[PDB]
Peer 1: 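Quick one: the structure is below, and I'll ask about it shortly.
Each chain gets a letter, A, B and so on, in the order the sequences are listed, and its residues count up from 1.
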Amino acid sequence: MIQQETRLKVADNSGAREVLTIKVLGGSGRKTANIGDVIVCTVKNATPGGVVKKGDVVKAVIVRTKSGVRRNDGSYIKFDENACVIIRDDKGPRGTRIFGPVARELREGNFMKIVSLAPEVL
Amino acid sequence: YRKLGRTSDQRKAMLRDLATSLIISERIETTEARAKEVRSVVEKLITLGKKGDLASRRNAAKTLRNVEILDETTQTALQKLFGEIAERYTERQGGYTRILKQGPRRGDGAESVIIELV
Amino acid sequence: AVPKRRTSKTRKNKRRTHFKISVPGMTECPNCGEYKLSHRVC
Amino acid sequence: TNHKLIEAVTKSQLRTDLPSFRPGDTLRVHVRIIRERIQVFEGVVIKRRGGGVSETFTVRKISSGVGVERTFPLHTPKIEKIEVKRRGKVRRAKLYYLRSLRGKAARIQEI
Amino acid sequence: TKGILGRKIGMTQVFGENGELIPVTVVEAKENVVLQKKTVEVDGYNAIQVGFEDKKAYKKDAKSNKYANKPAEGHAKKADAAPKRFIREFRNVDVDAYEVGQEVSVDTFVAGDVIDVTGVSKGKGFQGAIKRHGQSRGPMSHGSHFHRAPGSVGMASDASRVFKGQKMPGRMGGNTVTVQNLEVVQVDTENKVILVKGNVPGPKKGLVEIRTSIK
RNA sequence: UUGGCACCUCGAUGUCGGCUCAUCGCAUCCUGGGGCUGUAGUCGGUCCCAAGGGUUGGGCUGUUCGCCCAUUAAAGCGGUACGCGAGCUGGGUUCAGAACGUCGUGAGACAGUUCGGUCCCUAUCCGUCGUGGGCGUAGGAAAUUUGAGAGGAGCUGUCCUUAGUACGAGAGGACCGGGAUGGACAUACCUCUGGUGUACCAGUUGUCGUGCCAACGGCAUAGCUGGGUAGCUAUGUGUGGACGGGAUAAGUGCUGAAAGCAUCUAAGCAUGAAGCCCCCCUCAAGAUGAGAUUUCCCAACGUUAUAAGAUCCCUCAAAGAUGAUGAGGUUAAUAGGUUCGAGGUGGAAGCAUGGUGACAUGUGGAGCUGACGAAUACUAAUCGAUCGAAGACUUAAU
RNA sequence: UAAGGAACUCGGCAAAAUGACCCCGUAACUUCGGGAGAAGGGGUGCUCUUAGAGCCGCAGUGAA
Ligand SMILES: CC[C@H]1OC(=O)[C@@](C)(F)C(=O)[C@H](C)[C@@H](O[C@@H]2O[C@H](C)C[C@H](N(C)C)[C@H]2O)[C@](C)(OC)C[C@@H](C)C(=O)[C@H](C)[C@H]2N(CCCCn3cc(-c4cccc(N)c4)nn3)C(=O)O[C@]12C
Ligand SMILES: [K+]
Ligand SMILES: [K+]
Ligand SMILES: [Mg+2]
Ligand SMILES: [Mg+2]
Ligand SMILES: [Mg+2]
Ligand SMILES: [Mg+2]
Ligand SMILES: [Mg+2]
Ligand SMILES: [Mg+2]
Ligand SMILES: [Mg+2]
Ligand SMILES: [Mg+2]
Ligand SMILES: [Mg+2]
Ligand SMILES: [Mg+2]
Ligand SMILES: [Mg+2]
Ligand SMILES: [Mg+2]
Ligand SMILES: [Mg+2]
Ligand SMILES: [Mg+2]
Ligand SMILES: [Mg+2]
Ligand SMILES: [Mg+2]
Ligand SMILES: [Mg+2]
Ligand SMILES: [Mg+2]
Ligand SMILES: [Mg+2]
Ligand SMILES: [Mg+2]
Ligand SMILES: [Mg+2]
Ligand SMILES: [Mg+2]
Ligand SMILES: [Mg+2]
Ligand SMILES: [Mg+2]
Ligand SMILES: [Mg+2]
Ligand SMILES: [Mg+2]
Ligand SMILES: [Mg+2]
Ligand SMILES: [Mg+2]
Ligand SMILES: [Mg+2]
Ligand SMILES: [Zn+2]
C-alpha cells in the first residue's frame, strides 16, 4: 500500500538506495499502489558511482510490500519491507541485478526481466 | 450484559457485593436491572458450590466478599455457599434465584424488586 | 437561539396535546380485594 | 458448533490428510504453482486461526535477508502436501514477536 | 423465470474448480408453497404468491405472530397448505407453469444461474452524516470546532431555505436492497440450501428473495 | 471586473482566504453526434448540436490569483450576500504593545514593513433530515399488492484482435467492429486479510489486603504487556453504471412542387447524439382521485356486552433515542440458569518427580471462557384488563 | 488502530516520541567559564556460588 511520500528501498544495483514516491500512476484520483504497479519517484539516497543519482525523478515498479497481496486461491503473501525497482519505458530494469525476493505477480505484470534476475520469486 | 451506570471496576465491585449480600440474606431488595445481572452472578457461584472441589472453591473466592455470618456459630460466605446452599440445591438443575417486581420507589421512581434464592 | 415571537395560548395547548400520563396497568388482587400493578407482588 | 447447515454444506471441502501441527512448528508446504510444478515453502507456523473450511495458517521464512510470510487456507487443494520438519517450543498461540527479530534472536527451541 | 424465498443463514467459503476461493452465502429455502395465482383477468397483473416457513396453526388466545390468525389460515387453506411466516409475490416468473398449493423446491435453480437477491439491509439506528452519507470530517486539530457536523446546509438570502434532499442525520439501514447478477454456486436438495456467490443484504435469519436476474 | 450613482440597512445587513456541504447557468474542459478543412494516415484547426455524468495530488505564498513539480479523458468559465462563521477556522485585514524606513518642530503619522494580539448564543416559527400519534378512505379486520407521482443511477482509461490491414515514397499508422482488464464513484456484507473488542485467556511491576506458605482479591490509564469471540468495521470481500426500445437536436437524405429546371420541405417518407421518455434500483393510494386481490368476522336494548382483530402488561433482539418494528408470553425455548459445543487463550489448582534454588517435567491440548450454535421448563414471561363493526342515500342493470 | 508517515496546516497546533539510575563517549565555536545531559551508544529481572554459573518471559528503571 504505497502512496505519495512513501519511502521505498530499491532492490537493484542501479545506484538508487531509497526513493520517495511522487505519484501513483494509472488514473485520476488513484491514491495507493501495490506490487506490480508503477510509481514516479525521486531518489533521496544513492550510492556512489551508480547510474541513477540522488535528486533524479525516475519510474519504478513495486516488487514487494508490507501490505502484500491476496491471490485468487485465498492465499496471501506479505513481506517485511517495501521495495521497488527502477525501470525504463520498456519495463526493463535500469540496474543489472535484483536483490531479495519478489512477488510472482510481476510475471502477470510482464516484468519478465526483473522476474528472471530475482533470486527468488514467491 | 448491562453497564448499570458504572465503570467496569465499579460494576464488578457492586456485583460482588450484591451476590455476597444475597448469599448472606437469601432475599434482598434492589433495582430490576441490578437483579437481572445478579441472578447470573449468583447462579454461577452456586454452580461452583455444587461442584465443590478445591479449584471451584478458589474460583468462588475470587468473587465472593469476605463477610462473616454469625446458634452462635460463625461461618464465612464461602463456607455457607459450599455447605448449606450447595446441599439445598444438589438436585436442582439451574434456576436457583427468582425475581419479584414490587413497583417504583418514591425517591427516584426506580423499579424495586426482590431477588431471592428458591 | 431565542423565540422570535411569543407563543400563543392556542399554539402552546396544541403542543401540549400529547403531554399527559396514562393510567397504570393494574389488576385486582383476589384475596385482599384491592388493586396492584400487573406482574407485581403486594 | 457453527450453524449446522453451514457445517453440512461445507463438510465435503475439508481435507483428511493434513498432519497435526501447532504454532512454532516448521513446515514444508508443497504448493502447486502453474506447466504445473511444486514450490516448497519452508518456515515456522506463526499463526493458526478460524475454523471449519475457513481455517487459515501463516508460515514465515527469511528469503535472502527479507522476511516473507505466506497465509494459506488450511483446506486449499492448491497445497499438495504438508510436512512437519520440526516441533518448536513456544508459549503462546500467535508468534507475532518473531516479526521484529532477526538471526539467533529469532531462534525457536525444539521439543 | 424463477423465484424462491429463504432465510440467510450466514457466510462461508468454498473451493471452486482450479482451487479459487469463492465466498458464499448460505440460504435455507425450505417450505416454499404457491398460495395464490394472480391474473390479469382478476387482479390486473400476472404474479404468483409464494408463502415460506410454515407457522403454527390458529389457536384461541394466541398472543404472537407464531400462530396464524383466522384470515391467514383461511388464505392458506384455500391453497391446502400450512400457514406461512413470509408471503411474497413474484411477477418475473410465468404463472402458467405453477399450480396453487405446489411446492417451490430449491431444485428450481441450477449451479451457474445468474440471480438477483433482495433483502432488508441491516439496521443501524440514528446515524450522523459521516457514517450515513459518507461525508468528510472537519479538521481534528488546528483549533477546529468542526469534527462530525454535516457542514453548510444551504446558501444565503438566495434561497433563504434548505432544499429538499439535503443529506442530514437520521435513521440508517433497514432499507430494501437488491444486489444484482450474483451466481448460484451450489444447490443442495437435502437441507434445502442454495449457496449464493458473494454476500446479500440483511442480518442472519433475515428473509431474502431470490429471482432470476433481470439483466 | 474597475468604476459612476447614493435608493434599503449606521437603536449593527461580520470583511479576505481556506474547511464542510452543495446548488444552478452554458459562452463545453473531457466524453457523445455532426459540417468545413490549406482533412492522405496518425494527429490537428474551426464552427454547429449537446449540461448526462465526470472534471487532481503536491512545492511557494494569508492569500484569491499566479508560477512550478507530477499526473489525468479532462484538470472549463461563471451565478448563488465575490454561496456557506446562530456550520468551523482566524493566516490576512478597521484595535490597545513594540521596532525599522520615511514624513512631521512636536504630539504623532504611513502608495510602507515587522513580531504579538479574547470568534458569544440552551433553536420559538418557516425550512430540512428522521420518527410516532389522530382522523379520513360509507361495515370492521389480516395479509398480499397496482403504480399517479417522486427520488436514485448516468463517468471513463489501458491493452489484445480486426491489422502492421486502409492510407502513405518512407517514417508512421486507422475508422468500423469484436474481446479483456482497470481508475474514480456508489451500494451491500464480515467468509477471507486486518482494526476494535473496559464482565474472554495468559504473562508481569509496585503496594495493601485475604492470619502465614500456597493460591487469590483491591489500587496504580483496563497498572502495564501478549493474544482475542460476537458485534461494529475498511484499508477487506461481492455487486452496479459502456445494454436495448421509442421520439428528437445539429446533421444527412429520399420523393417533391411552388419556380417547366434545380431544390432535404411546402405537403409526404426516412435516418440521426453520453442528451429527452422508458428500460435498471428505491419510495409511493393523505393518489381526500384516499385504488385492487385473497381470506376472516356477524346483537340485542346513544347504552351494555362483544366478533374477526388488536393492544395494555410481561420475557426479549435480527429492531431501537422514545415511540415504532420484529421474536415470544405456559397449548411456551422469549430471556436467564444448567448441560453439551464452536471459537479464543495456551498447558489451571492440587499432587508427584527432578533441581541447592530460581524453576522444569508429568498427570493433561489441561484449566478458564461476554456476546456465537444446540438441547433442557430449573427461574421468570401469573391472574387479568381495555379497545374493537352491526354496514346511509339517489339512479340504472342484462 | 492496517499500510503510509507532515502528504495536514498560516505554522507539526495537538498528540506521539525522549525521560530514572550506572558505565562508556561527546563537535563547530568560545569571553577558556562554557557549549554539555552536546550528539551517540551499552547495563538493569530472578536464583545460586564468591566476578562466574544458571532460570524465566514478547518485554526486567516489566507499574507510576
Ligand atoms: C464571550 C462572551 C462575550 O461575547 C463576546 O465577547 C463575543 C465573542 F460574543 C463578541 O465579541 C461579540 C460578537 C461582540 O459583538 C459584535 O460587536 C461588533 C462591534 C459588531 C458585531 N456585528 C454587529 C457586526 C457584533 O456581533 C460583542 C461586542 O462582544 C464584545 C457583543 C456585546 C453584546 C458584548 O459586549 C457582550 C456582552 C460580550 N461581553 C463583553 C466581552 C468583553 C471582552 N471579554 C471579557 C471577557 C471575560 C470577562 C469575565 C471573565 C472572563 N473569563 C472573560 N471575555 N471577553 C461579555 O461579557 O459577554 C459577551 C457575550
Ligand atoms: K471480518
Ligand atoms: K387506501
Ligand atoms: Mg445497562
Ligand atoms: Mg482500575
Ligand atoms: Mg484456533
Ligand atoms: Mg479531510
Ligand atoms: Mg474537538
Ligand atoms: Mg457595482
Ligand atoms: Mg439625490
Ligand atoms: Mg450600517
Ligand atoms: Mg434592529
Ligand atoms: Mg450551446
Ligand atoms: Mg517542507
Ligand atoms: Mg461570500
Ligand atoms: Mg450564516
Ligand atoms: Mg501603538
Ligand atoms: Mg525628524
Ligand atoms: Mg507566535
Ligand atoms: Mg411512475
Ligand atoms: Mg466472524
Ligand atoms: Mg476478525
Ligand atoms: Mg504468597
Ligand atoms: Mg485499598
Ligand atoms: Mg489509594
Ligand atoms: Mg496507524
Ligand atoms: Mg503499524
Ligand atoms: Mg518513519
Ligand atoms: Mg505541506
Ligand atoms: Mg495542503
Ligand atoms: Mg506542541
Ligand atoms: Mg523512569
Ligand atoms: Zn394483594
Peer 1: Please confirm whether neighbouring nucleotides F/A222 and F/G223 meet the stacking test: six-membered ring centres under 5.5 angstrom apart, planes under 30 degrees.
Peer 2: no
Peer 1: Is there a stack between E/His142 and G/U9, judged by ring centres under 5.5 Å and planes under 30°?
Peer 2: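 Whether judged by distance or by angle, E/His142 falls short somewhere, so it does not stack on the base of G/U9.
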Peer 1: Reckon E/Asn199 has a side-chain N or O less than 4.0 Å from the OP1 or OP2 of F/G236?
Peer 2: no
Peer 1: Heavy atoms under 4.0 Å, any strand shown: does E/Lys122 hit a base, just sugar-phosphate, or nothing?
Peer 2: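 Answer is sugar-phosphate: E/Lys122 comes under 4.0 Å of backbone atoms only.
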Peer 1: Both distances under 3.5 Å, Watson-Crick or G-U wobble: does F/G117 pair with F/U93?
Peer 2: no
Peer 1: Among F/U239, F/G336, F/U71, which is the nearest nucleotide to the side chain of E/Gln180?
Peer 2: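 Per side-chain heavy atoms of E/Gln180, the pick is F/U239.
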Peer 1: Between F/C21 and E/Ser136, is there an OP1 or OP2 to side-chain N/O distance shorter than 4.0 Å?
Peer 2: yes
Peer 1: Quick check on F/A222: syn or anti? Syn means the glycosidic torsion is within 90 degrees of zero.
Peer 2: syn
Peer 1: Between F/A215 and F/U55, do both key distances fall under 3.5 Å for a Watson-Crick or G-U wobble pair?
Peer 2: no
Peer 1: The side chain of E/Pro71 is closest to which nucleotide in this list: F/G309, F/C190, F/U331?
Peer 2: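 The closest nucleotide is F/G309.
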Peer 1: Report the nucleotide, chosen from F/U146, F/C280, F/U124, that has the shortest atom-to-atom distance to any side-chain atom of E/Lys215.
Peer 2: F/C280
Peer 1: Determine: side-chain N/O of E/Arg132 to OP1/OP2 of F/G130, distance under 4.0 Å, yes or no.
Peer 2: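 For E/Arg132, the contact criterion (side-chain N or O under 4.0 Å from OP1 or OP2 of F/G130) is met.
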Peer 1: Check whether any side-chain N or O of A/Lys23 sits under 4.0 Å from OP1 or OP2 of F/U72, and answer yes or no.
Peer 2: no
Peer 1: Does some side-chain heavy atom of E/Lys8 sit less than 4.5 Å from a side-chain heavy atom of E/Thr25?
Peer 2: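 They are in contact (side-chain heavy atoms under 4.5 Å apart), so the answer is yes.
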Peer 1: Are D/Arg49 and D/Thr58 close enough that some pair of their side-chain heavy atoms sits under 4.5 Å apart?
Peer 2: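 Of all side-chain heavy-atom pairs linking D/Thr58 with D/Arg49, none is under 4.5 Å.
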Peer 1: Does E/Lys78 have a side-chain nitrogen or oxygen under 4.0 Å from the phosphate oxygens OP1 or OP2 of F/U295?
Peer 2: yes
Peer 1: For F/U146, does either OP1 or OP2 sit under 4.0 Å from a side-chain N or O belonging to E/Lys38?
Peer 2: no
Peer 1: Nearest heavy-atom pair of B/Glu111 and B/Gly103: which atoms, and what distance?
Peer 2: OE2-N, 2.9 Å
Peer 1: Does a nitrogen or oxygen in the side chain of D/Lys47 sit under 4.0 Å from OP1 or OP2 of F/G194?
Peer 2: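 Affirmative; the distance criterion is met.
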Peer 1: If we only count Watson-Crick and G-U wobble pairs whose two distances fall under 3.5 Å, is F/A262 paired to F/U181?
Peer 2: no
Peer 1: Can you figure out which of F/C21, G/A7, F/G87 approaches the side chain of E/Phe146 most closely?
Peer 2: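 Nucleotide nearest to E/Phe146's side chain: F/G87.
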Peer 1: Which nucleotide wins on minimum distance to the side chain of C/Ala1, given the candidates F/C121, G/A6, F/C88?
Peer 2: F/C121
Peer 1: Flag the pair A/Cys41 / A/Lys59 as yes when at least one side-chain heavy-atom distance between them is below 4.5 Å, and no otherwise.
Peer 2: no
Peer 1: Would you say A/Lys78 places a side-chain N or O within less than 4.0 Å of OP1 or OP2 belonging to G/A3?
Peer 2: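 No, because none of the side-chain N or O atoms of A/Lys78 sits under 4.0 Å from OP1 or OP2 of G/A3.
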Peer 1: Considering only side-chain heavy atoms of A/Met1, which listed nucleotide, G/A2, F/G231, F/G130, is closest?
Peer 2: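 Nearest listed nucleotide: G/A2.
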Peer 1: It should be established whether B/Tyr1 places a side-chain nitrogen or oxygen under 4.0 Å from OP1 or OP2 of nucleotide F/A199.
Peer 2: yes
Peer 1: D/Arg49 side chain N/O closer than 4.0 Å to the phosphate oxygens (OP1, OP2) of F/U193?
Peer 2: yes
Peer 1: Strictly below 4.0 Å: does B/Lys44 bring a side-chain N or O up to OP1 or OP2 of F/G337?
Peer 2: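 It does, given that an N or O in the side chain of B/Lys44 lies less than 4.0 Å from OP1 or OP2 of F/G337.
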Peer 1: Heavy atoms from C-beta onward define the side chain here; which of F/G309, F/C316, F/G238 lies closest to that of E/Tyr58?
Peer 2: F/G309
Peer 1: Give me, pair by pair, the N or O atoms of the protein and of nucleotides 75-78 of chain F that are less than 3.5 Å apart, along with how far apart they are.
Peer 2:
residue	atom	partner	partner atom	Å
F/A75	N1	A/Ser28	OG	2.7

Peer 1: Base contacts versus sugar-phosphate-only contacts with protein, heavy atoms under 4.0 Å: please encode nucleotides 201-212 of chain F as B, S and - from 5' to 3'.
Peer 2: ---------S--
Peer 1: What nucleotide among F/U191, F/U144, F/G218 has an atom nearest to a side-chain atom of E/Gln13?
Peer 2: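 Nearest to the side chain of E/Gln13 among the choices is F/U191.
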